[PDB]
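Please read the structure below before turning to the comments.
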Amino acid sequence: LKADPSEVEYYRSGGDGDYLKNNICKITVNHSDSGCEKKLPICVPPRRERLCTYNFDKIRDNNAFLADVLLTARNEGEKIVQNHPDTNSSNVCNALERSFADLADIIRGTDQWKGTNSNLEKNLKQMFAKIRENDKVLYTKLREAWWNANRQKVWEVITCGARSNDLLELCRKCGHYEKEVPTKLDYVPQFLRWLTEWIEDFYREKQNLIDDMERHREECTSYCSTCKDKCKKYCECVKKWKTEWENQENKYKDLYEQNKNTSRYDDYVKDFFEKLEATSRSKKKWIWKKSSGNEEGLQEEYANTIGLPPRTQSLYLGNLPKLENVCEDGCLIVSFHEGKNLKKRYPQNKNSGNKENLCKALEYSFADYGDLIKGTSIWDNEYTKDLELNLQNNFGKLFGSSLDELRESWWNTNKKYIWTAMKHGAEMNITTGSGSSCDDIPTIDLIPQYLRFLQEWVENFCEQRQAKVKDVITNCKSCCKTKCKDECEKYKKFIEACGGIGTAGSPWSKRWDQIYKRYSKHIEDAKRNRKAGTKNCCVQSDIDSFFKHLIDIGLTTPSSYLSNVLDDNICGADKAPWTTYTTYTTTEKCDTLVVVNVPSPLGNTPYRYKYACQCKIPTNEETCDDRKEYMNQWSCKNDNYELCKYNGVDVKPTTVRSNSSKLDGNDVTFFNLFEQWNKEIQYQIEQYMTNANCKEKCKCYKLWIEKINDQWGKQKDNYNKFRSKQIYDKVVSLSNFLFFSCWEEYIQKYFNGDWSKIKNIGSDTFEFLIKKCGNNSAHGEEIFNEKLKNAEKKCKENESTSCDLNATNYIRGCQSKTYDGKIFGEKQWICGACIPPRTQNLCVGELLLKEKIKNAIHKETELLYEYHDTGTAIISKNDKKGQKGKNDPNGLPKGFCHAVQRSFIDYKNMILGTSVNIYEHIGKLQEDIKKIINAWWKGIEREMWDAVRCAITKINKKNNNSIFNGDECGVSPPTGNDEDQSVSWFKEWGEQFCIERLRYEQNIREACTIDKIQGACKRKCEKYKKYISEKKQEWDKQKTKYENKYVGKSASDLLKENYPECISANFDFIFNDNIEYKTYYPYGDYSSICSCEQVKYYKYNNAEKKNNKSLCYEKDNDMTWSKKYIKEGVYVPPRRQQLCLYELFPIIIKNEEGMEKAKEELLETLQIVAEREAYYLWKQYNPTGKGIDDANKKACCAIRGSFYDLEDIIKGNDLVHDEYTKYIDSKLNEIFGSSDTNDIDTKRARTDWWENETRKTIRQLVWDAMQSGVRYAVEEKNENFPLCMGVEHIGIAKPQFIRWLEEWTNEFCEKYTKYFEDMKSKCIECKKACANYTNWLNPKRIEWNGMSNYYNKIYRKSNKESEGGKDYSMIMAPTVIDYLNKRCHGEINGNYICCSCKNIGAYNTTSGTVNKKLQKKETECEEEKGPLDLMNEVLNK
C-alpha cells in the first residue's frame, strides 16, 4: 500500500469531481481526456477481443491517467456483462477478473499483443516519464504505488454491473464492491491463466454440446451418419487440443532450459515454475444488523435497513438445497418438488390459528418465495449463498434473452400452482374447500421485498400499539386520579424504550430514520439514474420501475405509502393518521433534551391525547399554542431589568462595557433587544392585519394581543428604567426612538442605504410618512396604540358574523347626453391626474336646492340606465351582434352600478369641494356654493340613496323583468377607506384600457390572421400603436402620482385584481420605457401578429446573422429580497427578479390551441431567453474582465440557478406569480391538454415534454444555448472559456425553496465576512461600518426566522402531505441549520457545492443578533449610533 492519492481532479474534460468520491462507477466517456469502437464478433488467446485501446502533454497529472484507466475498466466490465458470453450464470464473472488481470499486466508488464501494440506502450512510457518529472525517491516505486492504488480502486468499479455470484467471505456479487480490500489477485503467469481459460472453455463447450447431442439422439424417437460425423469432428478437436498441449509443454521446457525489483513479476513467475517442477425453528428477534459470511442479517447494500420478520427466517426453503428430506436422490420434476415443499411448509404455518392473520402471512410467504426464486432476495441467511447457485445450476441444464427474464417468466407461469399447493393440496387439479380461504388463486403481491418487510414491521408495531392504547383509553375515558397515570407512563416507556418486540433493543425513532433514509435513497436512484421509466410497452417487474410508479403517483415518502397500504385504521383503533408528524421533547434513555419529531402513531403519547392522559384541565392556552398559529416568540419587587431574551440563543454579557469614562454598561443588550422587538412585533401586527372555528381563532388572537400588550408594557417600563439610569450620570426619547425606527424602516427599503439627503421626498410622500410614522411631534406611543386598537377591532368586526310620490313629472333641463358613440363629437381623457370623459358632461343643465339635486340625480341615473340598456361598446363588452353572451345574472347591464357609484362620489366631492381638479368655472361655482353654506351631509347622502332605491324599484315595476329593490350590486354606500377620487378615476381608466385592448386584439386576430404585410393590417397596427403611446403617457403620469401618494403598494396588482378584463395584459411590458421596445416591438406586444414573421435561433456556427433581438436589461446588484407576488415565509432571491421574461409574453399570447407551432415557437423563445440570461449574468459576475476562478464559479452557480428556475416555471412547479408568470402559466395550462383534462395530467404532459422530445432533448438544447451565450460574452473580452460551463450532464434540480435558501445563506455569509473585515480593519470610520452592519443585519433575522419556519413546516413532507403538491422527501434534515452542514463547509466547485460559510456551528441564530459575535464592537457601535439617531431626529424636526 501507499499514501499517494488520486482521483481528485476537477473539470478534466468531464462532468465534475463531486459526482465521484462516493465509491461509484458513474464515470462516463468524458473525464478521460477524450470524448471502445474495437469490438470483435505461440498462443492466440481472446485477450485481443476483450481489451480496449482508449488509453501527450495534455494530461495534468496522474489524476487523468487514473480516471482513464478506471473508465477503461468500467467499459470492459459493462461490455462483458451486457454481451453475456455464457448465460448459464455458473461462471460469468471469472472472465471479468481474468480480463482485469490482463489489463493490469498490460501496464508495463508481460505484453503478448501481436500487432500494433507499440503506440500503447509508448504512450504509457511517456506518461510515466511525465509523472516522474518530480524526483522524490530513486521508477519502480512509483509504478508499484500506482499498481497498488489501481488494484485497490478499480476493483470497486468494474464489478459494479455483475451481481450473480462469486467464489472465495461474501457472495451475492462476484468480487466485493464494498469489502474495501481485494478478494483474490490473479498474480500468476499469463500463460498459465490463458491455458486454464482455454481448457475451461473447451470443457464447457464439449460438455454442453455432448449433452445436447444426447438429448437430440432421443428427441427424434440418417441420424447415424451425422452422429458419426460429429464424433469424428470431436475426435479431431480432441487431437488438436492434445497437439496444443504438447506445444505448450514444449514451450515450458524451452523456458525452463532458458532460465538455466528487476521485473518482480517475472522473478515470481520463475520461482513458481521452479517450485512446481521441484424441522422446527424457534422464534426470532427481528435481526436488524448486516449479515456476515456465516451469520443472518441484511445484505451489504441494505445495511441497517428494514429487518426480517420471524416468518421469513422460519421458511423451509431457507434450510438446504432443493432436495426433500424423505427421499433418495427433468423439467416437470421441479414443479413437483416445489409443490411438495410448499405443502409440507404449510403445516409449519398452521402454528398460528386464526381466520384473518393467516391470509396475510401466507401472502407474504408466497411473495418471499417468488422473490427468492427470481433471484432478488435480501434476507440472505446462512442458507442462501448456496441455494442461488443450486438454482442456477438446475436451471442451466433445463432451460439453457437472459436468465433473469427466464426466471421471472417461470415464476409468473407457475405461481398459480405454487399458491394452490400451499393450501393443503396433494392431488394437483386442473385449476374455499382447502385448509384456508385467504384469497383467490392469483393473490397478486408482486412488490419489492423492502416494501413488504416495511409493511409487515409496521403492522407488527401497530398490533402492540393497539393493544396498549386499548388499555390506556379503557381507563382514561374522562373518568384518572391515580389509576390513569400508570397507563400513560407504560405507553410512553413502550414507545420510547432504548432497549417491545422488534427493533433489536433500540429507539423506534432511529429505525424510522433509517427506513426514511433508505426510502429516499431508493427514490433518488429510481428518479435520477433510471432512464427506462414507466409507460413502457406498465413495467412488468422491477424495483426502480415500481419506485418511479410510486413517485409519479405521489407517495414519495414512506409515510404516505404506509397510510395508503394500511386500511381500516387498525393501527391502535384511535384513528391516528400516519401523515401528521408529532414532536416530543426528548428521550431520557440513551440531562440534555433534544426535540424528536416522528410520525403521529409513534409520537410520545396517544394521538390527540397529548397533555390529556395526566388528568388535568384542557389548558386551552397550550392546546391552541400547539396549533402553530398566532404565535409570539418572546418570553418576557426588584424591578431591576427585564431582558426579554429571544426564544433560542440566550443573552450573554458583552464583557466590553465599562462605566469608567464611558456612558453606561449592561444596557446595550436591552437596547438591541428592544430594537429587534419593535420591528418584529410591528411586522407581525402588519401581517395579521393583512390576513383575515373562528371562535377559537379570535380567542387565540385576543390571547396573543394580551401577550404583546404585556410585552409592550414591560418594554416601556424597562426603557424608562434605562432612561433614568442614563440620566443618573443623553439618550434619545422612546417616542423619538420609535419615530427614528419608522423613518429608517421606510428609507432602507426604497433609498439606497440611508440616502444622504432624506429631505428630498415626493410632494405626496410627506403626507403618507406623517400619517404612518407620525407628525413633527414624537407620537410613537399613540401610533402604536392606534395600531393595536385597529388589530383588536379587526376581529371585533370579523367575529360579528315606502315611496309613492311620482318624481317623473319634471322631465326638463336634461336630455340625451353625447356619450362616446355615434348613434345619430366624442370626448377623450385629459391627463391633477386625469379627468374621465363622463365627468365633463352630466345632468347639470339646470345649474329648494335639495329637491332640485334629488331630481337631477334621479334623472341622470334613469338616463344612464336607459343608455346602458340600449347597449354601448364603451364600458360593456359585446360581440358584433351585440347584447348577447355578456349578461349579468341579475339581468342588468354590465358595469352600471359602478358608474352610478362613481357619479355619486363625484357629486359628493362637488358638494364638499375637496382637492379635485375640475373646470375653473365649476370650481368658482362650488366655491361660491360652499361659501353660501357634518351629520346633515350624511343625512342628505342617505336621502339620495333612498331616492335611488325608489327609482330602481319604480324601474323594476315598470319593466317587470326581475326582482330589484335597490340591491343590484349593494345597498350600502361606498365604504372605501382610501380616497375614491383619484383611485376611482384610475380604476375607471384601467377598465376602459382593458376593454379597448381586448377589442383591438380581437379585431387584429380576426382581420390579420391570414411574408410581408399588404392587406389592411397597417391601419390597425398603427392605430394600436398610437393608442398604446397615448395610454403609456397616461399610465406613466398616473403611476407616478400613485407612487407619490402610495409609495408602498403597486398599481398593477390593484388594477388587475378588481377587473378581470386585464388578465392577459402586462403593464410592465406594454408600457416599457426601454429603447429596444420601440425598435424590436414597435407594435406593442403584437409584433408576432402585425409582422406575421417567424422566429428562429442561431447557433455558434451561424453567420453574422446572430440573434440580438431581446429586451434584457443589465443586471442590478443593489436589490433586496422581497416576498411580493407570492401565492408563506418564503422570500425571492434577487436573481429571479431580473430574469428576462419579456420575449415570452408576445408568443404566449399569440398562441391559442396551436401546439403544432407553439411547441417550436416556445422552444426558440426559451433558447433565446436563456442565451441572453447567461450572457448578462456572466458579464455581471465577471466585471472588468478579471481572471478570477471565484468569479467564474459564481457565474456558473447563477447560471445553474436560473436554469433550474426556468425548468420549474416551464414545468409549473414555480412559487412566484408575477405579472408575466401568472399569464404564462395560465396559457401553458390552457394550451397543453384541455379543460376536461385534470391539472395533474397537464403537469405530467409538461414534464414529459421538458424531459424528452415528445436527437437532443430541450434540456440539452437550452444548456447549449446558454453555453453559446457565455461564448458570445467571452469573445468580447478575449479570455479563456470557463471550465465550469462545458459540462453537459446535470443532476435533477432540487426544490426551488432549497436553492433559494442556499443562495440566501451564501449571500449572507459573503456580506457578513465583507462587513466584518471592513469594520475590524478600520475600527474614525466606525459610524458608517456599524450603521451598514446593523441595516444589513436587521432584515436578515426576520428572513431567516421565516425561512426556518417554512423549512420546519415541510422539512420532510411529500406531495399529499406538504402545503403544496411538490416533492420534499430529499431533504432528510432535522432542522434548517443542520441541512447547511456538510453542504456549505468546503470551497466552491460550481456544480453542486456553491456556498462558503465559516459559521457551520449553531451560530446562525446567534449571528442574527449581536449577542456573541458583535461583543467586542458592541459598545462602540451603540454609543456612536446614538448620536446618529439624535442628529437624524434633530434634522427631521
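A note on labels: chains of the C-alpha cells are A, B, ... as shown, every chain counts residues from 1, and ligands are counted from 1 in their shown order.
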
Show me, as a PyMOL selection string, the residues that have an atom within 12 Å of residue 440 in chain A when counting only C-alpha atoms, minus same-chain residues fewer than 2 positions from it. chain A and resi 359+363+416+419-420+423+431-432+434+436-438+442-444

Please list as a ChimeraX atom specification every residue within 12 Å of residue 276 in chain A, counting only C-alpha atoms and excluding residues in the same chain fewer than 4 positions away. /A:252,256,269-272

Which residues are close to range 1084-1095 of chain A, i.e. within 9 Å by only C-alpha atoms, leaving aside same-chain residues fewer than 4 positions away? Reply as a ChimeraX atom specification. /A:1001,1004-1005,1008-1013,1017-1018,1020-1021,1024-1025,1028-1029,1069-1071,1077-1078,1080,1145-1147,1149-1150,1161,1164-1165

What would the file look like if the residues just selected were written as a PDB file, in the first residue's frame with C-alpha atoms?
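Result written to again-v2.pdb:
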```pdb
ATOM      1  CA  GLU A1001     -56.742  42.314 -30.010  1.00  0.00           C
ATOM      2  CA  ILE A1004     -56.415  42.202 -35.157  1.00  0.00           C
ATOM      3  CA  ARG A1005     -56.806  38.446 -34.684  1.00  0.00           C
ATOM      4  CA  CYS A1008     -54.945  39.956 -39.681  1.00  0.00           C
ATOM      5  CA  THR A1009     -54.713  36.169 -39.317  1.00  0.00           C
ATOM      6  CA  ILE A1010     -54.333  35.096 -42.960  1.00  0.00           C
ATOM      7  CA  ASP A1011     -44.083  37.218 -45.607  1.00  0.00           C
ATOM      8  CA  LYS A1012     -44.629  40.982 -45.627  1.00  0.00           C
ATOM      9  CA  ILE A1013     -47.910  42.821 -44.965  1.00  0.00           C
ATOM     10  CA  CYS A1017     -53.085  45.314 -41.118  1.00  0.00           C
ATOM     11  CA  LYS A1018     -51.108  48.566 -41.379  1.00  0.00           C
ATOM     12  CA  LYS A1020     -54.978  48.561 -37.384  1.00  0.00           C
ATOM     13  CA  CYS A1021     -51.395  48.239 -36.149  1.00  0.00           C
ATOM     14  CA  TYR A1024     -52.993  50.359 -31.887  1.00  0.00           C
ATOM     15  CA  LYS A1025     -49.507  51.876 -31.654  1.00  0.00           C
ATOM     16  CA  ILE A1028     -50.592  52.437 -26.829  1.00  0.00           C
ATOM     17  CA  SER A1029     -48.395  55.548 -26.843  1.00  0.00           C
ATOM     18  CA  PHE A1069     -44.224  45.204 -20.830  1.00  0.00           C
ATOM     19  CA  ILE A1070     -46.927  47.106 -22.733  1.00  0.00           C
ATOM     20  CA  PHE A1071     -45.509  50.365 -21.318  1.00  0.00           C
ATOM     21  CA  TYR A1077     -39.219  48.405 -27.082  1.00  0.00           C
ATOM     22  CA  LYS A1078     -39.737  50.929 -29.904  1.00  0.00           C
ATOM     23  CA  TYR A1080     -37.823  45.261 -31.743  1.00  0.00           C
ATOM     24  CA  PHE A1145     -45.291  37.187 -23.490  1.00  0.00           C
ATOM     25  CA  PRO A1146     -45.878  38.003 -27.205  1.00  0.00           C
ATOM     26  CA  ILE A1147     -45.530  34.362 -28.270  1.00  0.00           C
ATOM     27  CA  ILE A1149     -50.462  35.492 -26.107  1.00  0.00           C
ATOM     28  CA  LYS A1150     -50.181  34.770 -29.845  1.00  0.00           C
ATOM     29  CA  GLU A1161     -42.094  28.781 -31.007  1.00  0.00           C
ATOM     30  CA  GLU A1164     -36.882  29.091 -29.750  1.00  0.00           C
ATOM     31  CA  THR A1165     -38.106  31.790 -27.361  1.00  0.00           C
TER      32      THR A1165
END
```

If DSSP is run on the backbone, what residues of range 832-1013 of chain A are alpha helix (DSSP H)? A reply as a VMD selection string would be ideal. chain A and resid 837 to 840 849 to 870 896 to 912 920 to 932 935 to 959 982 to 1007

Output the selection as a JSON list (two decimals), in the first residue's frame - C-alpha atoms for each residue.
```
[["chain", "number", "residue", "atom", "x", "y", "z"],
["A", 837, "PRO", "CA", -64.95, 61.81, -20.21],
["A", 838, "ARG", "CA", -68.17, 61.11, -18.31],
["A", 839, "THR", "CA", -67.33, 63.76, -15.70],
["A", 840, "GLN", "CA", -67.22, 66.52, -18.33],
["A", 849, "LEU", "CA", -81.83, 73.12, -3.81],
["A", 850, "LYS", "CA", -82.13, 69.70, -2.14],
["A", 851, "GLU", "CA", -85.19, 68.74, -4.19],
["A", 852, "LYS", "CA", -83.57, 70.01, -7.39],
["A", 853, "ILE", "CA", -80.44, 67.94, -6.70],
["A", 854, "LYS", "CA", -82.54, 64.87, -5.93],
["A", 855, "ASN", "CA", -84.47, 65.28, -9.18],
["A", 856, "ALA", "CA", -81.26, 65.80, -11.15],
["A", 857, "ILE", "CA", -79.62, 62.67, -9.73],
["A", 858, "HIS", "CA", -82.78, 60.63, -10.33],
["A", 859, "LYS", "CA", -82.90, 61.84, -13.94],
["A", 860, "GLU", "CA", -79.21, 61.16, -14.57],
["A", 861, "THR", "CA", -79.49, 57.67, -13.07],
["A", 862, "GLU", "CA", -82.53, 56.95, -15.25],
["A", 863, "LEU", "CA", -80.75, 58.24, -18.36],
["A", 864, "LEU", "CA", -77.67, 56.13, -17.60],
["A", 865, "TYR", "CA", -79.84, 53.05, -17.10],
["A", 866, "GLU", "CA", -81.63, 53.65, -20.41],
["A", 867, "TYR", "CA", -78.37, 54.23, -22.28],
["A", 868, "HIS", "CA", -76.82, 51.06, -20.86],
["A", 869, "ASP", "CA", -79.96, 49.08, -21.71],
["A", 870, "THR", "CA", -79.81, 50.33, -25.30],
["A", 896, "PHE", "CA", -73.78, 50.11, -14.46],
["A", 897, "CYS", "CA", -73.84, 50.42, -10.67],
["A", 898, "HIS", "CA", -70.09, 51.07, -10.77],
["A", 899, "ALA", "CA", -70.81, 54.15, -12.88],
["A", 900, "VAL", "CA", -73.67, 55.12, -10.55],
["A", 901, "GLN", "CA", -71.32, 54.92, -7.55],
["A", 902, "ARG", "CA", -68.67, 56.91, -9.43],
["A", 903, "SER", "CA", -71.17, 59.66, -10.25],
["A", 904, "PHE", "CA", -72.45, 59.72, -6.67],
["A", 905, "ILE", "CA", -68.88, 60.10, -5.40],
["A", 906, "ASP", "CA", -68.28, 62.93, -7.86],
["A", 907, "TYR", "CA", -71.44, 64.69, -6.66],
["A", 908, "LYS", "CA", -70.40, 64.21, -3.03],
["A", 909, "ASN", "CA", -66.98, 65.72, -3.73],
["A", 910, "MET", "CA", -68.54, 68.61, -5.66],
["A", 911, "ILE", "CA", -70.90, 69.48, -2.80],
["A", 912, "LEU", "CA", -67.98, 69.05, -0.37],
["A", 920, "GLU", "CA", -62.33, 76.56, -13.46],
["A", 921, "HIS", "CA", -65.92, 77.80, -13.73],
["A", 922, "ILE", "CA", -67.18, 74.72, -11.88],
["A", 923, "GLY", "CA", -64.53, 75.46, -9.26],
["A", 924, "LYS", "CA", -65.81, 79.00, -8.77],
["A", 925, "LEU", "CA", -69.40, 77.75, -8.68],
["A", 926, "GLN", "CA", -68.68, 75.19, -5.95],
["A", 927, "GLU", "CA", -66.57, 77.75, -4.07],
["A", 928, "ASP", "CA", -69.48, 80.19, -4.02],
["A", 929, "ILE", "CA", -71.88, 77.39, -3.06],
["A", 930, "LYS", "CA", -69.79, 76.34, -0.06],
["A", 931, "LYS", "CA", -69.43, 79.99, 0.91],
["A", 932, "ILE", "CA", -73.24, 80.17, 0.92],
["A", 935, "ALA", "CA", -74.24, 64.97, 10.20],
["A", 936, "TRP", "CA", -76.57, 66.75, 7.77],
["A", 937, "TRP", "CA", -74.25, 65.73, 4.92],
["A", 938, "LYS", "CA", -74.64, 62.07, 5.90],
["A", 939, "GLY", "CA", -78.40, 62.52, 6.18],
["A", 940, "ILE", "CA", -78.58, 64.06, 2.71],
["A", 941, "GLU", "CA", -76.43, 61.24, 1.32],
["A", 942, "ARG", "CA", -78.86, 58.75, 2.85],
["A", 943, "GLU", "CA", -81.65, 60.77, 1.23],
["A", 944, "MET", "CA", -80.12, 60.40, -2.24],
["A", 945, "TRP", "CA", -79.52, 56.70, -1.60],
["A", 946, "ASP", "CA", -83.18, 56.21, -0.65],
["A", 947, "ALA", "CA", -84.24, 58.16, -3.74],
["A", 948, "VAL", "CA", -82.04, 55.95, -5.93],
["A", 949, "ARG", "CA", -83.53, 52.84, -4.34],
["A", 950, "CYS", "CA", -87.04, 54.17, -5.01],
["A", 951, "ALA", "CA", -86.11, 54.92, -8.63],
["A", 952, "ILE", "CA", -84.73, 51.39, -9.06],
["A", 953, "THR", "CA", -87.92, 49.94, -7.58],
["A", 954, "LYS", "CA", -90.03, 52.06, -9.96],
["A", 955, "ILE", "CA", -87.91, 50.92, -12.92],
["A", 956, "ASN", "CA", -88.38, 47.28, -11.88],
["A", 957, "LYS", "CA", -92.14, 47.82, -11.51],
["A", 958, "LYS", "CA", -92.45, 49.44, -14.94],
["A", 959, "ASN", "CA", -90.28, 46.75, -16.58],
["A", 982, "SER", "CA", -58.01, 59.64, -7.77],
["A", 983, "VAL", "CA", -58.29, 55.89, -7.19],
["A", 984, "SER", "CA", -61.77, 55.68, -8.72],
["A", 985, "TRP", "CA", -60.60, 57.57, -11.82],
["A", 986, "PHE", "CA", -57.56, 55.30, -12.08],
["A", 987, "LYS", "CA", -59.76, 52.20, -11.85],
["A", 988, "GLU", "CA", -62.17, 53.53, -14.48],
["A", 989, "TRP", "CA", -59.25, 54.33, -16.79],
["A", 990, "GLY", "CA", -57.87, 50.84, -16.25],
["A", 991, "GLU", "CA", -61.22, 49.24, -17.08],
["A", 992, "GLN", "CA", -61.52, 51.32, -20.25],
["A", 993, "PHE", "CA", -57.97, 50.37, -21.21],
["A", 994, "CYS", "CA", -58.73, 46.68, -20.70],
["A", 995, "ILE", "CA", -61.88, 46.91, -22.82],
["A", 996, "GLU", "CA", -60.13, 48.77, -25.63],
["A", 997, "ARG", "CA", -57.13, 46.41, -25.59],
["A", 998, "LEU", "CA", -59.39, 43.36, -25.78],
["A", 999, "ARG", "CA", -61.40, 44.88, -28.63],
["A", 1000, "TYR", "CA", -58.25, 45.76, -30.59],
["A", 1001, "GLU", "CA", -56.74, 42.31, -30.01],
["A", 1002, "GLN", "CA", -59.93, 40.64, -31.23],
["A", 1003, "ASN", "CA", -60.06, 42.89, -34.30],
["A", 1004, "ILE", "CA", -56.41, 42.20, -35.16],
["A", 1005, "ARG", "CA", -56.81, 38.45, -34.68],
["A", 1006, "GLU", "CA", -59.98, 38.30, -36.80],
["A", 1007, "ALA", "CA", -58.71, 40.66, -39.53]]
```

Range 170-182 of chain A: which residues within 9 Å, counting only C-alpha atoms, same-chain residues fewer than 2 positions away excluded, as a PyMOL selection string? chain A and resi 23+92-94+97+151-153+155-160+162-168+184-185+292-294+299-301+380+384-385+388

Point out the residue among A:88, A:1406, A:1050, A:841 with the least atom-to-atom distance to residue 208 in chain A, counting only C-alpha atoms. A:88

At a cut-off of 10 Å, using only C-alpha atoms, what residues contact range 1314-1321 of chain A? Leave out same-chain residues fewer than 3 positions from it and give the result as a ChimeraX atom specification. /A:1308-1311,1325-1330,1332-1333,1336,1413-1414,1416-1417

Counting only C-alpha atoms, the residue of A:1191, A:918, A:1130, A:224 that sits nearest residue 1299 in chain A: A:1130

Let me make sure I understand: among A:391, A:497, A:378, A:209, which one has the smallest atom-to-atom distance to residue 320 in chain A if we use only C-alpha atoms?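 That would be A:391, the residue with the smallest distance to residue 320 in chain A.
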
Which residues come within 8 Å of residue 1284 in chain A, counting only C-alpha atoms, excluding same-chain residues fewer than 4 positions away, as a ChimeraX atom specification? /A:11,1192-1193,1196,1390-1391

For the selection just defined, write its residues with C-alpha atoms to a file, as a PDB file, in the first residue's frame.
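Written file, part_1.pdb:
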```pdb
ATOM      1  CA  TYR A  11     -13.215  19.638 -14.809  1.00  0.00           C
ATOM      2  CA  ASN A1192     -16.383  32.073 -12.941  1.00  0.00           C
ATOM      3  CA  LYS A1193     -17.686  29.703 -10.262  1.00  0.00           C
ATOM      4  CA  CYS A1196     -21.805  29.196 -13.230  1.00  0.00           C
ATOM      5  CA  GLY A1390     -19.590  25.480  -9.380  1.00  0.00           C
ATOM      6  CA  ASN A1391     -21.678  22.339  -9.943  1.00  0.00           C
TER       7      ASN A1391
END
```

Please list as a PyMOL selection string every residue within 8 Å of residue 1136 in chain A, counting only C-alpha atoms and excluding residues in the same chain fewer than 4 positions away. chain A and resi 1132+1202+1205

With only C-alpha atoms as the basis for distance, which of A:1244, A:330, A:1353, A:476 is at the shortest distance from residue 628 in chain A? A:1353

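Rounded to one decimal, CA of residue 607 in chain A and CA of residue 1345 in chain A lie 28.7 Å from each other.
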
Atom pair CA of residue 825 in chain A / CA of residue 871 in chain A: separation (Å): 18.3 Å

Residue nearest residue 525 in chain A - candidates A:878, A:1291, A:421, A:1399, atoms counted: only C-alpha atoms: A:1291

Atom pair CA of residue 884 in chain A / CA of residue 824 in chain A: separation (Å):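 CA of residue 884 in chain A sits 23.1 Å away from CA of residue 824 in chain A.
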
Of A:834, A:1301, A:681, A:656, the one sitting nearest residue 788 in chain A when using only C-alpha atoms is A:681
